[PDB]
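For the sequence shown, position 67 (counting from the first letter as 1) is numbered 67 according to the deposited numbering, and the numbering increases by one without interruption. Quick notes on the structure that follows.
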Amino acid sequence: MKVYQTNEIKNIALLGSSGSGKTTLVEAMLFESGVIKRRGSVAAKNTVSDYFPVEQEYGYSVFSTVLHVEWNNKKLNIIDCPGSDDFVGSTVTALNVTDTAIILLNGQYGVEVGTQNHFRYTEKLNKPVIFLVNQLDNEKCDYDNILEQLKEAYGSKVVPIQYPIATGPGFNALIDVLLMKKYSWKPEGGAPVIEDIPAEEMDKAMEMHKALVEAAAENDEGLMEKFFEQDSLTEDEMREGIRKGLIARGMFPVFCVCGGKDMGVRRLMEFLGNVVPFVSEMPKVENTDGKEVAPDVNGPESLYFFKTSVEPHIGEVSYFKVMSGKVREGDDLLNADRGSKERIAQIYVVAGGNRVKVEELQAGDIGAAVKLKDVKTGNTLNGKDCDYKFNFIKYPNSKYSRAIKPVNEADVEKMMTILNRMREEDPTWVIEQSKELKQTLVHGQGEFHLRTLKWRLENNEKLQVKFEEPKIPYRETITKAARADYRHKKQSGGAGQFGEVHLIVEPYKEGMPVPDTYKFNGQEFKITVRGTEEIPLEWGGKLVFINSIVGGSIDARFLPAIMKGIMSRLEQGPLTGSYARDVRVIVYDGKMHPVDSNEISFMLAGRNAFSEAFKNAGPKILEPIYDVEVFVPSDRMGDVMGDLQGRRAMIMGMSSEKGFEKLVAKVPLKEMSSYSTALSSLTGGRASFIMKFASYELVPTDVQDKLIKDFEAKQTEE
Ligand SMILES: Nc1nc2c(ncn2[C@@H]2O[C@H](COP(=O)(O)OP(=O)(O)OP(=O)(O)O)[C@@H](O)[C@H]2O)c(=O)[nH]1
Ligand SMILES: [Mg+2]
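Have a look at this one:
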């Protein structure tokens with residue numbers, strides 16, 4: 001439909017805890033915009049915002065939705081996040097793409113922990129925040145109570161903008177303070193009455209109006225003659241002052257609304273359209289190369305694609321935000337990655353579900369295209385002159401993982417296909433195929449996240465899968481040096497296959513001086529360094545073959561045979577464990593036969609000698625250790641330290657700040673297969689953690705003995 005200038009386009013992302021009456025409020029905006037006819041109810045599951053089958057099946061939103069609402073010369077790009085704790089990826093994508101964040105407060109519950117999580121996310125992403133109160137129709141609500149709760153929760157920089165009078169089911173009016181008005185509605189709701197406030201609330205109205213204008217002046221001093229001295233500049237420049245304060249997060253406004261009764265949603269529309277940071281008036285995004293990318297109509301034609309909703313019967317719709325320039329139907333756009341020079345077609349502006357075709361899209365706006373071929377999530381499409389490969393969006397580390405497998409080992413290709421399709425659906429569904437582990441790894445954000453994926457596989461497509469606990473990457477090694485001796489000769493086949501290998505194994509460190517004397521078994525030996533070569537391992541670790549050939553006792557021409565034997569024994573551990581690392585090998589004695597010396601003899605000799613050397617040496621198992629950064633309030637510091645102590649953890653350091661204390665610990669992955677669920681249960685979901693690999697380390701005797709016993713228990717079947 002009608003094209004809008006970038007100066008009249010705003011991007012808004014709603015944020016709030018579950019059970020906050022937000023998605024409904026979205027239907028309130030859709031109904032009052034006139035784009036839809038009736039105002040549906042989430043109970044009836046007829047809401048336009050909820051169309052994914054799981055989204056109405058669960059009774060709450062699962063994916064973030066994008067939609068447009070039109071008003072007087074202003075159109076708002078409303079993005080409704082799922083609002084749950086385990087759908088962080090949609091929220092962070094919305095924050096990265098949007099311009100401003102909105103927080104909705106439930107009057108019944110007041111400030112909730114999900115509100116804290118969303119506030120932390122937007123603080124990390126540095127976006128403006130406006131507070132809002134929902135559910136004023138519930139008796140279990142007190143505007144003063146939530147006001148003081150938020151006063152004592154965050155800084156004094158915040159300030160309310162409206163003063164509701166009635167409460168609970170009897171709510172039929174409220175007072176606007178920014179514009180100095182009182183609003184009332186019919187019991188049906190929808191038509192505000194701009195009748196002025198009575199003199200009863202005149203005193204408090206003036207008090208909080210003076211407080212608000214003083215706060216706005218402190219946000220930015222406009223130097224106008226009466227601005228901070230006498231009174232505010234009515235309301236016209238108050239919007240600009242509020243926006244400027246929101247630029248630096250110097251003030252967070254507070255609003256109230258009733259979703260069911262539609263109390264003053266028009267007031268919200270007017271306020272949001274009036275005051276909000278502009279698309280250009282915000283800290284501009286950089287590119288991968290670090291060159292500034294200022295959104296402008298006169299700029300080149302580049303597009304970035306983030307959302308790839310694949311809801312059935314509506315097509316593989318792919319949204320996108322216009323980074324710079326414009327876009328027209330029929331244009332040919334280059335693809336930054338796996339470039340194919342995609343030729344575009346009829347574009348559509350979608351209000352969620354139903355979409356409306358549009359002719360031209362300006363920079364800094366969200367559009368949607370269909371029937372694409374080589375466009376995936378995170379891929380960006382650009383013109384010929386504008387080489388951009390935008391990768392400015394970062395997602396939180398996968399806090400949970402599980403191994404997937406269908407009920408029948410006959411649809412592996414279907415697993416790959418649909419799992420990839422879901423990957424694009426939300427990049428958080430990190431899919432990985434560990435070739436060494438022979439398992440397909442799925443990384444999510446929690447138990448409920450994987451439950452959601454399981455439902456989408458089972459019901460949306462009628463596909464059967466199971467979840468199994470992922471395998472653990474174990475690496476073996478040695479600690480005690482030992483002497484390995486072997487002699488080989490086989491006349492049963494062809495040549496004599498003569499072989500004689502004598503070698504010593506030793507754990508390798510970064511700077512050992514490799515001493516030349518080793519008194520083992522009442523026998524000392526002398527080692528002479530002639531050729532030093534280090535061969536690294538692709539699975540990590542290093543191997544060294546400092547030779548000790550006695551003045552040419554064994555020809556170096558056969559050394560690759562010993563090396564091939566060594567790695568052929570090495571790639572399989574003598575016990576359970578994929579490989580071994582940090583092993584220093586010294587070979588001293590050997591014999592050479594003019595006709596019976598051959599490479600296969602040294603193959604077998606090295607293999608068996610190294611196997612029996614590991615048998616003689618002390619085998620040890622190394623468990624991967626992942627650093628954990630728990631961000632938890634002090635009320636559960638004892639519980640978390642006790643749980644970690646029960647999780648064979650090593651305390652590193654406790655950080656102190658505000659009310660949440662950061663924790664550092666070295667923790668084995670073996671007991672972290674379900675750590676996120678336990679942490680969420682203990683802290684009520686009030687804490688998060690970050691995982692990252694550090695260094696393999698040793699394990700106690702009991703766990704390795706159990707692992708070995710299970711290894712032969714499994715092997716006994718074959
Ligand atoms: N009593 C009452 N309840 C409301 C009102 N508005 C919303 N709700 C409640 O809000 C619930 C739906 O929550 P949503 O609006 O979808 O917000 P959410 O918690 O983030 O859920 P999703 O966005 O769908 O994930 C409904 O079951 C209603 O009970 C209202 O005006 N009055
Ligand atoms: Mg909602």
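Each residue gets a CB set at the ideal place from its N, CA and C atoms; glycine is no exception.
Which residue comes first and which comes last in the beta strand (DSSP E) that contains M323?
Residue mapping note: residue 323 aligns to position 323 of the sequence shown, counting from 1. Where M323 is concerned, the enclosing beta strand (DSSP E) stretches over 318-324.
What does the alpha-carbon distance come out to for the pair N274 and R267?
Here residue 274 refers to the residue found at position 274 when the sequence shown is read from its first residue. Here residue 267 refers to the residue found at position 267 when the sequence shown is read from its first residue. Their Cα atoms are separated by approximately 10 Å.
Within a Cβ cutoff of 7 Å, which residues of the same chain sit near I197, ignoring the five residues on either side of it in sequence?
By 1-based counting over the sequence shown, the position of residue 197 is 197. Excluding residues within five positions, the ones whose Cβ falls inside 7 Å are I175, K182, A205.
According to the neighbour-count rule (16 or more other Cβ atoms, all chains shown, within 10 Å of its Cβ), is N11 buried or exposed?
As a working mapping, residue 11 is identified with position 11 in the sequence shown. Buried: at least 16 other Cβ atoms inside 10 Å.
In whole angstroms, what separates the C-alpha of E301 from that of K140?
On the sequence shown, residue 301 is found 301 positions in, with the first residue counted as 1. On the sequence shown, residue 140 is found 140 positions in, with the first residue counted as 1. Roughly 52 Å separates the two Cα atoms.
Identify the continuous beta strand (DSSP E) that holds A217 and give its terminal residues.
Here residue 217 corresponds to residue number 217 of the sequence shown, with the count starting at 1. Unbroken run through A217 is the alpha helix (DSSP H), 202-219; no beta strand (DSSP E).
Tell me the DSSP bridge mates of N106?
Reading the sequence shown from its first residue, position 106 is the one you call residue 106. Paired residues: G110, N134.
Report the residue from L682, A410, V550 whose alpha carbon sits nearest the alpha carbon of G531.
The sequence position of residue 531 within the sequence shown is 531, counting from 1. Answer by Cα proximity: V550.
Run through DSSP, which three-state label would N73 get?
Here residue 73 corresponds to residue number 73 of the sequence shown, with the count starting at 1. It is coil, neither helix nor strand.
Does the Cβ of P619 have 16 or more other Cβ atoms within 10 Å, making it buried, or fewer, making it exposed?
Your numbering for residue 619 matches position 619 in the sequence shown. It is buried - the Cβ of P619 has at least 16 other Cβ atoms within 10 Å.
For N287, name the three-state secondary structure that DSSP assigns.
In the sequence shown, the residue the question calls residue 287 occupies position 287. Of the three classes helix, strand and coil, the one that applies to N287 here is coil, per DSSP.
Flag this pair as yes or no: are the beta carbons of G110 and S18 separated by less than 8 Å?
Numbered from 1 along the sequence shown, position 110 holds the residue referred to as residue 110. Numbered from 1 along the sequence shown, position 18 holds the residue referred to as residue 18. Cβ atoms of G110 and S18: not closer than 8 Å.
So, for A28: in the same chain, excluding its five sequence neighbours on each side, which residues have a beta-carbon less than 6 Å away from its beta-carbon?
Your numbering for residue 28 matches position 28 in the sequence shown. Result list for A28: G259, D262, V265, in chain order.
Please report how far the alpha carbon of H313 lies from the alpha carbon of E55, in whole angstroms.
Counting from one through the sequence shown, the residue named residue 313 turns up at place 313. Counting from one through the sequence shown, the residue named residue 55 turns up at place 55. In a straight line, the C-alpha of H313 is about 15 Å away from that of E55.
Shorter than 7 Å, the distance from the beta carbon of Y508 to the closest heavy atom of ligand 1, or not?
In the sequence shown, counting from the first residue as 1, residue 508 sits at position 508. Every heavy atom of ligand 1 is 7 Å or more from the Cβ of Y508, so no.
Could you check the C-alpha separation between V412 and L419 for me, to the nearest Å?
Looking up residue 412 in the sequence shown gives position 412. Looking up residue 419 in the sequence shown gives position 419. Distance between the alpha carbons of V412 and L419 is about 10 Å.
Assuming contact is defined by CB atoms lying nearer than 8 Å, are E623 and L669 in contact in what I supplied?
If you number the sequence shown from 1, residue 623 lands on position 623. If you number the sequence shown from 1, residue 669 lands on position 669. Yes.
Taking the runs of the beta strand (DSSP E) that are 3 residues or longer, which of them lie wholly in the segment 13-48?
none
CB-CB under 6 Å to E447, same chain, minus the five flanking residues each way: which ones, in chain order?
Within the sequence shown, the letter at position 447 stands for residue 447. Result list for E447: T677, in chain order.
Using the C-alpha atoms, what's the distance from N397 back to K615?
In the sequence shown, residue 615 corresponds to position 615, counting from 1. In the sequence shown, residue 397 corresponds to position 397, counting from 1. Computed Cα separation, rounded: 40 Å.
Could you check whether the segment 349-358 touches the segment 397-409, counting it as contact only if at least three pairs of C-beta atoms, one from each stretch, sit closer than 8 Å?
Judged by Cβ distances under 8 Å, the segment 349-358 makes no contact with the segment 397-409, as fewer than three pairs qualify.
List, from N- to C-terminal side, the beta strand (DSSP E) runs of 3 residues or more that fit wholly inside the segment 411-449.
430-434, 439-444
What's the C-alpha gap between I194 and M282?
Within the sequence shown, the letter at position 194 stands for residue 194. Within the sequence shown, the letter at position 282 stands for residue 282. Those two C-alpha atoms are separated by around 34 Å.
Would you report the Cα separation of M592 and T517, rounded to the nearest angstrom?
If you number the sequence shown from 1, residue 592 lands on position 592. If you number the sequence shown from 1, residue 517 lands on position 517. Going by the C-alpha atoms only, they are around 25 Å apart.
Rounded to whole angstroms, what is the Cα-Cα separation between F278 and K466?
The residue you call residue 278 lines up with position 278 of the sequence shown. The residue you call residue 466 lines up with position 466 of the sequence shown. Those two C-alpha atoms are separated by around 48 Å.
Return the residue from the list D86, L14, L644 that minimises the CA-CA distance to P128.
Indexing the sequence shown from 1 puts residue 128 at position 128. Answer by Cα proximity: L14.
In chain order, what residues of the same chain have a beta carbon less than 7 Å from the beta carbon of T24, not counting five sequence neighbours either side?
Translated into the one-based positions of the sequence shown, residue 24 becomes position 24. Hits under 7 Å: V42, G259.
Since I103 and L132 are thought to touch, with beta carbons under 8 Å apart, how far apart are those beta carbons, to the nearest angstrom?
The residue you call residue 103 lines up with position 103 of the sequence shown. The residue you call residue 132 lines up with position 132 of the sequence shown. The Cβ separation is near 6 Å, so the contact holds.
Kindly indicate the opening and closing residues of the beta strand (DSSP E) around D485.
As a first step, residue 485 is located in the sequence shown; it is residue number 485 there, counting from the start. Here the beta strand (DSSP E) through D485 covers 482-488.
Answer yes or no: do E360 and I344 have a C-beta to C-beta separation smaller than 8 Å?
On the sequence shown, position 360 is the one that residue 360 refers to. On the sequence shown, position 344 is the one that residue 344 refers to. No, they are not a contact pair.
Within 7 Å: the Cβ of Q135 and any heavy atom of ligand 1?
Locating residue 135 in the sequence shown gives position 135, counting from the first residue. Because some heavy atom of ligand 1 lies under 7 Å away, the Cβ of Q135 counts as near it: yes.
Taking contact to mean at least 3 C-beta pairs separated by less than 8 Å, is the segment 547-561 in contact with the segment 468-481?
Taking a cut-off of 8 Å for Cβ pairs, the segment 547-561 and the segment 468-481 do not touch, as fewer than three such pairs fall below it.
Taking the alpha carbon of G573 as the reference point, which residue from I586, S597, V544, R607 has its own alpha carbon closest?
Along the sequence shown, one-based indexing puts residue 573 at 573. Among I586, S597, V544, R607, the Cα nearest to that of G573 belongs to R607.
Grab me the residues of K414's own chain with a C-beta within less than 8 Å of its C-beta, minus the 5 sequence neighbours each way, in chain order.
Here residue 414 refers to the residue found at position 414 of the sequence shown. Result list for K414: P406, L463, in chain order.
Comparing alpha-carbon positions, which option in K489, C386, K326 lies nearest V358?
Taking the first residue of the sequence shown as 1, we reach residue 358 at position 358. Nearest option by C-alpha distance: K326.
Closer than 5 Å between the C-beta and any heavy atom of ligand 2: which residues qualify, listed along the chain?
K22, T23
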